[PDB]
């Protein structure tokens, strides 16, 4: 039997806007999601919002009770910048926001669950957005100041910080298009400008931690990037090339500056954007090139490579290029992309069960970026909220076991992989998709004001994998009621 080492960290992950609720309580400022869903509710598919969500603001002791039921080693959550600094700036630190996170953290440590904190998981204060947000290079400073408040208030107890979660979803989807707040839809340059400012913010936050808190606190600071596998649709030179560009456009622009030896943006995509910008009449490249000291400043600034990974894609230089805006990043990249029709489908169009996809992605990164320290910070499966017998999720179980096998392949290739976090502990507000797509190991009842969390079959399977450290394909729980085991 292949076995997970005892020290391998199993957890789950959530994000503040998706679970907390209490959106205008105890002095919390308005964020870009609050702003969007209140002004244009129609952008959410089921017309719902995160005003209450899973109400973790009030129900955090139950959340920890659920982590214990699972036997988790660690839990990854995010901090709401506007709950902590309602104006966005560090002149006003909200003590109710700080008390809550201290309460949640302290509850975790009481039962020996390791906290992993993400500083930014998509909920910028609306007041900062008014000033340009991630399009404004001053975001580096605002973020540095926020990171100080976070490290000094929580760093005594929390030893693993993530600056940003999924830059692509921040930059491309939020600034370069209309699929995430703040739906700026600045297709020509938004994504690239955001990219540059975000990785510079990261770097500043990193040097702060390294300079002013690491010596006393002894933790680590990193970043998480979404790295799905993108491979060539046909084993052809032109599709090998298309896939390479697609990777650079999907995650290379964010990872390269931080994790490459030389720094800056990926070279191939950079030349193609430059060519495109000139043909289009811009007196410079829509992709701002790094100066040599900017490259130096940003590279080397991560203690680990956090990887959010779900799936795989086939990429074609010619086929099935859905009409993209011009100019735009996906037009710059110039490729079509899709799932193999045989791969198991979830309730989310982009999400399929691609066999061994974690191992494929990490092997590529491990060779490309000089064998860094890896954590899988998100991986999971969506099911439709309308499903009959929604607590019985054999498809989710299938997906988790396949991810586990792929994690075990990574370990027997000597990839320095230290942990896995399932997305998500419980159902939550799934951005533009609202409550239609459910990722929880625990189901939440969003009609019920107590927001009762009930374990799905897969919660028991994950519990079983964590405890036994192997995947037993014959395991099915006899009872669907959770207990906490001894020592947890």
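Residue numbers count along the first chain shown, from 1.
On average the C-alpha atoms of 322 to 330 have higher B-factors than those of the other stretch, with 322 to 330 and 190 to 198 being the two compared. Averaged over their C-alpha atoms, the temperature factors of 150 to 158 and 223 to 231 are higher for 150 to 158.
In the PDB entry, the Cα temperature factor peaks, among 120, 143, 282, 172, at 282. Across the residues 360, 398, 337, 377, the deposited record lists the maximum Cα B factor for 337. Sort the chain's modelled residues by C-alpha temperature factor and residue 109 lands in the highest third, per the entry. For residue 77, the recorded CA B-factor ranks within the lowest third of the chain. Only modelled residues enter the ranking.
When the modelled residues of the chain are ordered by C-alpha B-factor, residue 350 sits in the middle third.
In the PDB entry, a CA B factor belonging to the middle third of its chain's modelled residues is recorded for residue 383. Among the modelled residues of its chain, residue 472 has a C-alpha B-factor that falls in the middle third, as given in the PDB entry.
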